[PDB]
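Participant: this one's a deposited entry, sequence included:
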Amino acid sequence: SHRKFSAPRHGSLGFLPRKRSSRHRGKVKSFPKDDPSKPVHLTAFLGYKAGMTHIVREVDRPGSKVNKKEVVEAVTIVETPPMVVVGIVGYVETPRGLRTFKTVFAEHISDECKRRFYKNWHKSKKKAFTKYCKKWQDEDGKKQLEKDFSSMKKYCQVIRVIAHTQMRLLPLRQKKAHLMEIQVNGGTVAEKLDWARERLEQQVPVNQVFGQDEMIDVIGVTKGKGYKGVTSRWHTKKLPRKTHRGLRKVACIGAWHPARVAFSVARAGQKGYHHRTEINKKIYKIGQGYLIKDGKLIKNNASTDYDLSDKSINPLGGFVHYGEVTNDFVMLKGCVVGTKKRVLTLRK
Amino acid sequence: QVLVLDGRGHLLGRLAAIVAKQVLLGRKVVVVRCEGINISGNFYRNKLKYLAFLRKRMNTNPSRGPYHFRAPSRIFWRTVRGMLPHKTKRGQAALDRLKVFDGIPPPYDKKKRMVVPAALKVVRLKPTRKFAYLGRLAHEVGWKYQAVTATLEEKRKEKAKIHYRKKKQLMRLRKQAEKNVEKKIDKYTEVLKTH
Amino acid sequence: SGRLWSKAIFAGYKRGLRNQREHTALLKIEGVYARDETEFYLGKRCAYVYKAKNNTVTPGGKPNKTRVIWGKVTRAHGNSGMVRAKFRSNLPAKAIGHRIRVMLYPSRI
Amino acid sequence: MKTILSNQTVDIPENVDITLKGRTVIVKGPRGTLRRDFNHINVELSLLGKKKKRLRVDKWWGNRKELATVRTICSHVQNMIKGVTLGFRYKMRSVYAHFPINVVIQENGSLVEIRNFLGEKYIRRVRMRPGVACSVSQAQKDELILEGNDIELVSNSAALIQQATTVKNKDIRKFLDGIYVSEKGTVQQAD
Amino acid sequence: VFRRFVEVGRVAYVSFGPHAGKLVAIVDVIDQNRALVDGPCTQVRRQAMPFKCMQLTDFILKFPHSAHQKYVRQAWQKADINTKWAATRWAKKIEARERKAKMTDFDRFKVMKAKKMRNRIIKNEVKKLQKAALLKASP
RNA sequence: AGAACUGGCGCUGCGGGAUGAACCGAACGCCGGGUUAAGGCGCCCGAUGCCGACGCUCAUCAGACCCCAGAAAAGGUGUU
RNA sequence: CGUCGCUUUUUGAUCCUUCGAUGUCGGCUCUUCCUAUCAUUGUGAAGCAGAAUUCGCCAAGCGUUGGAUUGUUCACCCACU
RNA sequence: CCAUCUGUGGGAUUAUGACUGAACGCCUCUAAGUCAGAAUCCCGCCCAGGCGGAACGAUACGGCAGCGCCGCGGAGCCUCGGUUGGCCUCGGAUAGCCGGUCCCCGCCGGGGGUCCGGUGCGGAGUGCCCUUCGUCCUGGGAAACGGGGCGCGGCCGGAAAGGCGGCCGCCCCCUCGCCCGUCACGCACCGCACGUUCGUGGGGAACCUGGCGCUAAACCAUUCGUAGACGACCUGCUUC
Ligand SMILES: [Mg+2]
Ligand SMILES: [Mg+2]
């Protein structure tokens, strides 16, 4: 009784079910809430971390002792091919939470989307959306399709947008588009919805969604570390050398009279591959990649005002275990949840 | 078939004791708009003993154990549950006849709703003593759907004006329609034997 | 054409708190909620009518899946309009909360 | 004890006319109008007679804590009659040592932005209850004037200035610095 | 708002109890919830009834503060309380309520047939008032 | 810890005291109808679903029924 | 000088459970709880000028160490806080 | 922490200090009514997602088979329960309800004077069906819309869980869809139970039986390594 020396808790109970996530792509648990006085805009965006480099920047912090000097900072870079808007989902609020009102998908959906609707694309007849694409052209299904935007406009109070990644433009061997469903948090529900009917099956770049030095939140799934014990899953102090049956164990896992092992004690299990949201990751540069073939190929990434070289942010030898970046990218100060080649949703 | 009890102006245990007796006797009872159930004693007193309920948490894992519900439809439903023999199958079958709804859903907004004068605050509370609303003591403890219910409440009631507006128009007609009688041979027996 | 019987639900058996007595039931006849107005229903034959999957009638031309357990109203039970009935079997305890069928037959009015 | 009724009266002059919707009181007068609901207090109100305009508040049976509130009714009505003919004016003055307290008025006589309170850099913006008016006085040092119809909105506004100017972690028997109320008068005088 | 009081001379109706349904005239209040009443012309004599039993009517009588049975009787039948109680709409409702309870089985047939008869006439004539009102608003 | 007188438990179920060796009723062959004792009668849970009577009391730790399972001195322009 | 309580973290008194066995000091390790609050948040009072302290209040959210001696709990000392 | 990055705001309020203000003709933070208020409390952020619910996609040919949808009769198998429905103002309670001339809100709603009722009778102690045995003969009163529909064609209202409803035009059709009366009949089964409904219910198995349409996908195996104790999880597999 009364440990004689107080310590704090090892690990946080805010992340208790140290479980494999039920998803590979990071779920947005909360989009930022809107005031409809703003112009109309998206809120999240899918990205792929390729690898990390570092930087030199002239820091500006009056008061500090670093002020007007050059600092190196670790950055990650997140390759972002543009999203292609496919669907529009309505949501009506109930006293039981938000509820999906209905969904309307694009006229002709791409091939990398339709691969996401199959666990075996090879054994498939690829018969998805064949009956649904006809109602955009058949006049009887079309004059009620225009009804189901007017029923959308009347009843549902928040609408979102289904978009996906163009996986042909990546060095990954996946080719299934990651199909996300993100919220348009702009003005009123008429302007919010005719800004999404305008741009079905069209591309959305990332600089239309995000900007330079506009601090965001990164959502992803962590580096999976496997089944590890107490001293790695929870960082418990190792027992002294003289211990019989084992060093790397938590010694007392409870008292006598609660007579049950509590939830707040540490024991072995699955470490890593958890869903996390990092917060306050500032964007350092929205680079764009590899323009047109007249100026045969402008590589021209990573070319600061003081460099003026024909450099490009794909390093000398290619990104290790990723590939070679040919698309637009976002670079972010600090570490970012995930392995390399991993989907991560950047979000305001 | 099914009786529909509008829950405003009622006391929590005075209403839930009568509902729990009817539900054992075979009837199907639906308590609707249980945001406006009252509870005797002032707000801070009822707020404290609900926070004392929230920390009734089993120590070894709170996932197993007491399920502290926060919507006032389930605050009421749990009060009925403790007045039924729910560890027996006679009382499992009882709680299936009770469907309690917070707000008024569209299967039950066009039915006619009934009250219990046993459990009314006007009847049963002395007028100089304080009472708390079940809506805002649900709000102070984690029920996040008060605003989106009370928006739907005043959308329901404005449509409930326009029905009652045109219903009292129709009975102004059929009382002006019975001004022109031509049927007083049939008034003879009703006035003689309670019209 | 029409209903020639009064509606009544079966509440339970005569009981103390721990032990109960099966030979007498007690009923909540509908529309009477006082001891003074229950005097009409004394001596009335009453019935629990239900279904099975085998077949039986007495006059009915062909046996159907309907069968019955008869009985009659013995006395009153408490100040609040209840009534106890003594059947000829005991009620199966499946019938708790379901209705029974109270006729009008041995009538003095 | 459950007494047979008590009753206060309130005489009304001619320039103000009380009408009552129920236990709600509607007081219209010369410099505006204001209203209170008394739907929590369980009393009958009755204005009696034309041309004399007497209000008759009376409570049947009641007990001693229920008999205490019949005088509470009529003295809220007498402050609604005074505040709609005369108004309420709570002059207040700034008391200061070494540091002069600098008080300005930001939004049209509603917000009060107090700076240099006892040498502090943190400004104090105090937003007032809707219906009162701010004023730096004239022909007097460091005086602030609040004017309004309702006594519970002027005096609450007068208290938010005094409560914001609180000296903390000090001996408050010296360090007597703050903006305290100094007079309780009316907008129009002598009626 | 409190338009009928208790008073020496207030005629109260009696809702329940051993004298249910007969008028009384209030003679004197005694203590807080009990009143001394009697009705000399309506077969209920001098005793103390609770105020929770009695139902106040709008009839007053000018007889002295707790006089005898004779002086209450002279005030009762000068003002003619028993006939003015016949010509009120609240005693017509208790008259109608007991006509409906002693309504026999054969009269419940004769009520039924003429009740569905006059509802055919109103429903066909309130249809004609609908049929004209749309004809007002069509031009 | 140890006596006196009587009743109990041990050897004894049952109704009530939520629960129980000893408390309160009452002692037991197997049943049907009637009535009660102690105890109760919002709903668990049979019975006040009486148009019960009269008051006292508001608690930001109310109170709530023998044994029995929680409190004293002191104090209150809190109400009676 | 009195006098009324509370608590079961001390020591006793007791001998109801356990003798066909409940592993018996301390340290280590780790978890949770209590408030009778050391610090921190908001306050009230001083024989409260400031600074430093003391006495109370809502308060257990969050902290409450590093060592020399001793098997020690306890004790004592150094140093940080 | 032996390298680097990030760590998030709202509410009701405690203590307390007050406002107005009686009791107690003053006074008073309290008694009714108010204000400010915090490492606490509760939520948000974050972590998991219920024997908890959605929206949507595709829905089995081949060589015969096979499956949905509507319109159908024909039987047996099982689970049993109910015996007519009310199709809706908000609410106040020391107060409310109805009808109403006038001046304000794209021909409807807000206010006040006035007339009503009120132990609520423009009263779920109520109301409309109805306690409808049917038919024929046969006269009155009431009614000139017909009422059920497999109808066909239309519109537009109800998203909180709409799966419901209303109006309209053509139509085989009724002109007996009510009350009183005249007339004579049908299982009059010889005193007797479970009768009479919802109901041509709910679930399943099959067949003779009309049209409308439909021709997929999971898991293994293989591969991958953003994943792994094993399962799971993330991927690829086109004749370019
Ligand atoms: Mg969320
Ligand atoms: Mg004795």
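Facilitator: Sure thing, it's come through. Numbers count the residues shown, from 1 in each chain, chains lettered A, B, ... in the order given. Ligands and ions are numbered 1, 2, ... in the order given.
Participant: strands of chain B, start to end?
Facilitator: Along chain B, counting by DSSP state E, strands occupy B:2-6, B:28-32, B:38-40, B:99-101, B:131-133.
Participant: of those, which approaches residue A:332 most closely?
Facilitator: Each of the strands of chain B has some distance to residue A:332 by C-beta to C-beta; the shortest is strand B:99-101, at 47.6 Å. For the C-beta atoms, the positions are set from N, CA and C on the backbone; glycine is no exception.
Participant: direction included, what does that closest one pair against?
Facilitator: Partners of strand B:99-101 in the sheet, by DSSP bridges, are strand B:28-32 (parallel).
Participant: tell me how far the partner strand lies from the chain's centre.
Facilitator: 8 Å (C-alpha atoms, centre = their mean, to the nearest Å).
Participant: for stretch C:50-60, same thing?
Facilitator: 19 Å.
Participant: using CSV, lay out the strands of chain B together with distance to residue D:67 and mean neighbour count.
Facilitator: Formatted as CSV, these follow (distance: least, C-beta to C-beta, whole Å; neighbours: other C-beta atoms under 10 Å in any protein chain shown):
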stretch, distance to residue D:67, mean neighbour count
strand B:2-6, 36, 17
strand B:28-32, 40, 20
strand B:38-40, 24, 21
strand B:99-101, 43, 19
strand B:131-133, 22, 17
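Participant: closest to RNA strand H out of these?
Facilitator: strand B:99-101 (4.7 Å; C-beta to the nearest atom of the strand).
Participant: ok, back up a step: redo the strands of chain B as CSV? Include distance to residue C:9.
Facilitator: Converted to CSV, these look like this (distance: least, C-beta to C-beta, whole Å):
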stretch, distance to residue C:9
strand B:2-6, 14
strand B:28-32, 13
strand B:38-40, 31
strand B:99-101, 20
strand B:131-133, 34
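Participant: buried set for stretch E:4-24?
Facilitator: For stretch E:4-24, the neighbour count (16 or more other C-beta atoms under 10 Å in any protein chain shown) marks E:8, E:9, E:10, E:11, E:12, E:13, E:14, E:19, E:23, E:24 as buried.
Participant: sorry, slip of the keys, the one I care about is stretch E:53-70.
Facilitator: Quick answer for stretch E:53-70 (16+ other C-beta under 10 Å): E:53, E:54, E:56, E:57, E:59, E:60, E:61, E:63.
Participant: the stretch 151-300 of chain A: strands as residue ranges?
Facilitator: For the stretch 151-300 of chain A, the strands defined by DSSP state E, counting those that start in this stretch cover A:158-164, A:179-183, A:202-204, A:216-221, A:226-228, A:269-271, A:275-281, A:283-287.
Participant: go on, chain D?
Facilitator: Going by DSSP E, chain D shows strands at D:6-11, D:17-20, D:25-29, D:32-36, D:44-48, D:54-59, D:88-95, D:102-105, D:111-115, D:124-127, D:132-136, D:143-148, D:178-181.
Participant: list the contacts of the closest residue to RNA strand H within chain B.
Facilitator: Nearest residue of chain B to RNA strand H, counting by C-beta to the nearest atom of the strand: residue B:103, 2.5 Å away. Residues counted as contacts of residue B:103 (C-beta atoms under 8 Å, 6 or more residues apart in numbering or on different chains) are A:95, B:32, B:33, B:35, B:149, B:152, B:153, B:156.
Participant: quick check: of those residues, which lies closest to residue A:110?
Facilitator: Among these, and counting by C-beta to C-beta, the member closest to residue A:110 is residue A:95, at 38.4 Å.
Participant: quick one: closest of the strands of chain D to ligand 1.
Facilitator: In terms of C-beta to the ion, the element of the strands of chain D nearest to ligand 1 is strand D:124-127, at 33.6 Å.
Participant: which strands border that closest one, and is each parallel or antiparallel?
Facilitator: Strand D:124-127 has these strand partners (DSSP bridges): strand D:111-115 (antiparallel).
Participant: got the angle for the partner strand vs strand D:88-95?
Facilitator: Interaxial angle, strand D:111-115 versus strand D:88-95 (axes from the mean of the first three to the mean of the last three C-alpha atoms, to 10 degrees): 10 degrees.
Participant: hmm, strand D:111-115 in reach of RNA strand H?
Facilitator: No. Judged by C-beta under 7 Å from any atom of the strand, strand D:111-115 and RNA strand H are separated, with a smallest distance of 14.2 Å.
Participant: with just CA atoms, put that strand into CSV.
Facilitator: Extracted C-alpha coordinates of strand D:111-115, given in CSV (Å, rounded to 0.1, in the frame of the first residue of the first chain):
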residue,chain,number,x,y,z
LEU,D,111,-18.6,48.5,-24.9
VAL,D,112,-16.2,49.9,-22.3
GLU,D,113,-12.5,49.4,-22.9
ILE,D,114,-10.5,50.0,-19.7
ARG,D,115,-6.7,50.2,-19.9
